[PDB]
Each structure stands twice: as structure tokens, then as C-alpha cells.
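Some notes on the structure that comes next.
Letters go in sequence order (proteins before strands), and every chain restarts at 1. Each ligand, and each atom within it, is numbered from 1 in the order the structure gives.
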Protein chains: 2
Amino acid sequence: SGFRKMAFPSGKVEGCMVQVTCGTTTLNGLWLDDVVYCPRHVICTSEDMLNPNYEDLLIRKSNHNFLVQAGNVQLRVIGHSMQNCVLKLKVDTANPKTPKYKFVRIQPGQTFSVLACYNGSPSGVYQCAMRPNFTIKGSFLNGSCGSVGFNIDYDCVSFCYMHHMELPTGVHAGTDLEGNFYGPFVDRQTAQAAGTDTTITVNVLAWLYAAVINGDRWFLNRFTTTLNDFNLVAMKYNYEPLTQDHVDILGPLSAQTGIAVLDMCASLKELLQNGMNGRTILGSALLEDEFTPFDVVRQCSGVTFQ
Amino acid sequence: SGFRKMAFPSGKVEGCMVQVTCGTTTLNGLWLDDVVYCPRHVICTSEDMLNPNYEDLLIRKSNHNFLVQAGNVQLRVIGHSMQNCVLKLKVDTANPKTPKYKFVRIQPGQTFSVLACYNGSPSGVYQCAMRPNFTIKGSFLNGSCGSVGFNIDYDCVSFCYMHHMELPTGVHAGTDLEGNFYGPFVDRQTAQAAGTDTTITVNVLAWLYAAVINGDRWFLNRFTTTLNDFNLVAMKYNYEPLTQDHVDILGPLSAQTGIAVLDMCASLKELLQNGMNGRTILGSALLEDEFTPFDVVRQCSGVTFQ
Ligand SMILES: C[C@H]([C@@H](O)c1ccc(O)cc1)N1CCC(Cc2ccccc2)CC1
Ligand SMILES: C[C@H]([C@@H](O)c1ccc(O)cc1)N1CCC(Cc2ccccc2)CC1
């Protein structure tokens, strides 16, 4: 029936996006209940970003300096406070479109949808993963900050990312909704370089199962391997080490397809050592690593939401 | 700032999705104003699908046989009629969430977002193109039929696709919202094979411009070409022939980057003749053809919507 990189439907998050302007800076915020969440660097000028002292910059700001606009209607700020790298703007009206939601801090390897916004207005939606180096490979231009990453389970929106910074190398860094950066990144314009971008081995294996379920099977071979043996090969190619937990997580895909996890590892090994010789898998000429096992089961089984 | 395959935000379409059940068949419909649109094969059994006579099958159906459910609320069918391959179910309540919208029949090469649904509930969202052979490469399982494809311009939803059929080869066929199939496909379980899947040359060039704007430039060379010369090469590799209209459409990307369209064609030629030698472009090991020139400008410039 086919396999595609798909995002969660975005409507529940669309209804939470607002525009935050402090002085000459405009970016996005997230309106849940009577609180608007946005990056604290909204209070900075472009100059401030080299060496900002956020507590000091904050002292000069009052409730009325934060202009918050929900589509065409202005929201009244009745309180503000800084939590880590985010600002929480208390407004006098609960967002009537607040969905059921949680704040979750995800682990590397975990996937989520991003609703890219500009001036509190939604631009587009795409799927991302937290890379093992704690960056993400997004699509963000100036004014996109405060765009959020999320997952949905039936009717609950688990928000996991807010966008803050682009590194000189074109990749993206940001926070959870408590304002704590993923990785060692900070909201300052300095020399911060990303570490090694390793491949999320468990996600590649999940995606190979997805290929098999959809008819792409040329890469299945007559071999098997061990975790230890496979991991010697993974390390050489900058792949996350595979653990027994990962094997356990792939158990459902294993069961449905009748290909043992270690046999699929031997398929992956051979693809790493020999390449794809110009062939493709689910329409890709390289090995996709931004589907989780849970992603594969969900799109392959057709789970939906409130 | 990065470049990603992104769909339009899906909320406006989410609010139009309903479930249609006729007998033992459940699939999705689209509720706009006081009309629900759905595939006419909702009236078929699995057996009927080999050789259905839709007019005859329809005679046994009445308004009350169409069960239409909008989330948890039932809609009253007060009229029904068949238009080409779709059924229009007149209900007694206008959808309060009807967005501004149009019905457009797109051309091959044109891109759109699909909101995959199951039982009137949204599952996920992804970007697609009408292939030159009038198929699309989607992600659709049983019960997905009646899922729609759309574009948004600011506040207007232009619906262009409704999903009807999977061909034996794993690709997808469907109609415009007047119920007319794209291509020579029909809503009957028969031997219908897709034609040659040619690459959408104009979209590849657009995406190479996108790469250059984002820092990927290793494939720019010291050469140029002519339309005629380039097209000899395109034909050999099953690429759509490039026309002066295409060149004109790429004019804005040409202008912004200062790479002439024909110079970019010579880059493409070299990539076709020599391959990518294991390198990548915007994170792909093959040449993406499901971004339009207009797509590139939009994500690269940050256009948003009501
Ligand atoms: C593979 C999936 C899904 O259930 C699943 C995915 C991943 C898992 O880890 C577990 C389950 N099922 C869905 C039902 C399909 C029935 C079918 C057969 C032939 C033609 C048309 C339809 C057979 C495959
Ligand atoms: C390329 C895009 C966009 O406008 C566009 C895209 C495709 C077109 O066909 C036409 C225009 N612009 C956006 C503004 C950017 C300003 C900038 C420069 C340096 C650092 C940060 C920001 C420079 C590039």
C-alpha cells in the first residue's frame, strides 16, 4: 500500500500558534490554556545575541512590552516569567482551542512532527528526528523560532521541541517545553559545532521491515549475525550501537514478517559493506533512519486520532 | 536554513473529513457546505469490484443506506447523486468548518498534500506529485479511500485528488473532485498497468536551485547546454522533455541565484551521465522530482496562510 515520510495531522497545533513581538523582534509562541510559551531570545536584539544576559535584559521588560496576537486578535499579557530558555506569558484568556496535551522530553532517535510557522501563521508540516548529536535537520528561516515539535496519541498532543537556533552548519537546535536545550547548545551566537551525526540503527532496521512489508525485498540475504559482530560493522560506519533493548523493540516487526531481527541486521551489514549498487528501497537511494519502529507499525496498521 | 519535503498544514481539511458507510463498506468522505463527496465504489462489495455496474448497484440504494458520521455525530442524508466516479451525498446541515475552497484538476508534475484518513479520522499528512503516468506514490491501506489531496493559497483550499484505487504494482490512482480519474484508470478490479514513470525534469531543476540556496553546490560545473542537447540526454534517462515554458517558470530561481537555467541543465546532465558517486544533495542520494518551482520559492521564502 506504500510507505511515506508522514507527519501527524497539524490542526490541533495550528490552533495554538500565536505571534509574539517584543520591540523589533517577532517570532512564534504556543498558546496552551492561559499561558503562551516562546523562546526567551525574543527579548534580544541581533547585537544582543553574541553575549546576552537574559536576566538583565528581562528587567527592562514589562507585561505590556510583549505583544501577543492570535490571528487578528490581541491577547492581554497579565504576567511573565522566564523558565530556563523559554518565557511563559500569562494571558487573561484561556485558549479555547487548547487540545489535550503533555510536555515530554524525548530521547535521540525519537521522531516528531514540526509545524513550521512565521508570524504565528502555519507554513507547512514535516517529520523530524532528534539526531544522536542533539540537533535536528529541519527547515527553518528567520521568524520560524517558537515553532514546535510534537507527537499525537489518539487525542493527546505531546509537545517535545521548540525551535531556537540555527548552527553555522545549517542544522537546528532547540528546547523542550520547559526551556531546556537538547544537547549542549545555548541561545547565544557563538562557536557551537555539532558532534558526529551517527545513524539511528534501530530506525534503519525498522524501515527495512517496512520495505519488506511493502514488496521491496532484494536486500534480504542468506545470512545472519550477532549483536557483537554487527556492532563492529556499525561502529566502522558511524552507526549507533544496537542493544538488546532495540532488538526487543523490533520484536513486533520481527514477528509479523517472520524475519528474525539478527537476520535483518545481516541484511543491513551487507548494505553497509557493499552499498545499494544503484538500487532503491522504498524509493530511497540511501538508508532512512527517521522512522521509529513505532512509526512503522502505525503507518503500516493505520492508527488515527481525535 | 534547510530544505524538507513538507505538506501544507492539514487543519482546514481535517475539519471536513467524515466517515461514509454503505452496507459493509466504510471509507472517507469530504464534507463541504451541505454536500459529502466520496468514492462511488462505497456501494460495492469486494465481489462487485471485478465488474461493477454502478448505475445498477445505485438503484438499490436510498438516502438512508448512506451512513455519514462526523466524528461522533450522525449526519442526515436528504439526497444523493452520482457524478462520474464520485457520489455526492446531500446532508441537511452545512459543515460549520467549511473553509474557503475550490476544485481544481491538476496537471502531471504538480504537487499536493494528502491527508491520509481511516474511518473519517486523520492518520497523517505527506506531500505527493501527480506522476507523468497519472499515478501517485502514496501511502494508502484499506479504508483510506476518500482521502483527499489539496493545495492551500493563503486561505483557499484547492482540492485536487480523491483516493480510489491501488494498482497491483503498489501505486495509487484516483479522481479530481468532479469524480474524473487522472489518467486512463477506472474503479474496477482489472488488469490496469501504469505507463513509464518519467522524472519531472522541471522539478528536479527547481530542487537543484533549492540545494544551491542551502549550501549544497558540489554539482555545479563549468558547463552549459541547449534545450535540444539537454533533451537528448533527458530522453535517454526517461526524463520529461524540458520546454521553454519550464525555463520561463524557473526564471525567478535563476534570477535569485544567478545561475542560468541552461547552466543548471548542464549540471543535471552531468549528474545523469556520471551519477552522484555516493555524494548527497539536500540529504538525498537520488534526484528529487516532487518539488515544483513554486514549492521551492514558497518554503525558501516562508509563505504562510489563514
Ligand atoms: C502488515 C499490516 C499491519 O497490521 C501491521 C503492520 C506492522 C506490524 O508490526 C503489525 C501489523 N497488515 C494489515 C492488514 C493486511 C491485510 C491485507 C492482505 C492482503 C491484501 C490486502 C490487505 C495485511 C498486513
Ligand atoms: C533566498 C531567500 C528567499 O527570499 C527567496 C527564495 C527563492 C526565490 O526564488 C526568491 C526568494 N532569501 C531570504 C532572505 C535571506 C536573508 C538572510 C541572509 C543572510 C543570513 C540570514 C538571512 C536571503 C535569502
Side-chain angles (χ1 to χ4, degrees), chain A residues 1-3 25 27 46 49 116 118 123-124 139-145 165-170 172 189 202 205-217 248-261 264 282 291-304, chain B residues 1-3 25 27 46 49 116 118 123-124 139-145 165-170 172 189 202 205-217 248-261 264 282 291-304:
Chain A
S1 345
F3 202 73
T25 308
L27 44 57
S46 204
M49 281 306 289
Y118 297 90
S123 197
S139 169
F140 296 108
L141 293 170
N142 290 18
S144 69
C145 293
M165 311 283 297
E166 217 183 46
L167 309 182
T169 53
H172 299 119
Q189 194 172 318
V202 72
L205 289 162
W207 165 84
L208 289 169
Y209 279 110
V212 162
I213 295 178
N214 285 282
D216 282 19
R217 36 178 321 259
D248 294 350
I249 288 162
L250 289 161
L253 293 183
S254 174
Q256 170 89 10
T257 55
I259 302 152
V261 173
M264 193 65 95
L282 289 176
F291 296 101
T292 60
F294 309 86
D295 289 341
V296 170
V297 170
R298 189 174 314 128
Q299 175 171 355
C300 280
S301 99
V303 181
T304 64
Chain B
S1 345
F3 202 73
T25 308
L27 44 57
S46 204
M49 281 306 289
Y118 297 90
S123 197
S139 169
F140 296 108
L141 293 170
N142 290 18
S144 69
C145 293
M165 311 283 297
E166 217 183 46
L167 309 182
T169 53
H172 299 119
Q189 194 172 318
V202 72
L205 289 162
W207 165 84
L208 289 169
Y209 279 110
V212 162
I213 295 178
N214 285 282
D216 282 19
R217 36 178 321 259
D248 294 350
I249 288 162
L250 289 161
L253 293 183
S254 174
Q256 170 89 10
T257 55
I259 302 152
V261 173
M264 193 65 95
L282 289 176
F291 296 101
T292 60
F294 309 86
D295 289 341
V296 170
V297 170
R298 189 174 314 128
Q299 175 171 355
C300 280
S301 99
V303 181
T304 64

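Remark: ligand 2 atoms within the under-4.0 Å shell around heavy atoms of B/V297 are 9 (O).
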As a quick check of understanding, evaluate side chain to side chain contact (heavy atoms under 4.5 Å, CB included) for B/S144 and B/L27, giving each step before the final call.
CA-CA 6 Å; B/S144 69; B/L27 44 57; over 6 Å; no
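The nearest heavy-atom contact from the protein to atom 10 (C) of ligand 1 is A/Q256 OE1, 3.6 Å. In this structure, atom 13 (C) of ligand 1 lies nearest to the protein heavy atom A/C300 O, 4.4 Å.
Between the A/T257 side chain and the A/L253 main chain, a donor and an acceptor come within less than 3.5 Å of each other. Within the 3.5 Å criterion, the main-chain N or O of B/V297 finds a donor-acceptor partner in the side chain of B/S301. One N or O on the side chain of A/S123 and one on the backbone of B/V303 form a donor-acceptor pair closer than 3.5 Å. Checked by atom type and distance alone, the side chain of B/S254 pairs as donor or acceptor with a backbone atom of B/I259 at under 3.5 Å. Judged by distance alone, with hydrogens and angles left aside, the side-chain atoms of A/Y118 form a donor-acceptor pair with the main-chain N or O of A/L141 at under 3.5 Å.
Using a 4.0 Å threshold on non-hydrogen atoms, atom 3 (C) of ligand 2 counts as touching the protein. Distance screen at 4.0 Å: atom 6 (C) of ligand 2 has a protein heavy-atom neighbour inside the cut-off. Proximity of atom 17 (C) of ligand 2 to the protein is not indicated, since no non-hydrogen protein atom lies closer than 4.0 angstrom.
Taking each of B/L253, A/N142, A/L141, B/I213 in turn, the one with a heavy atom nearest to atom 9 (O) of ligand 2 proves to be B/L253.
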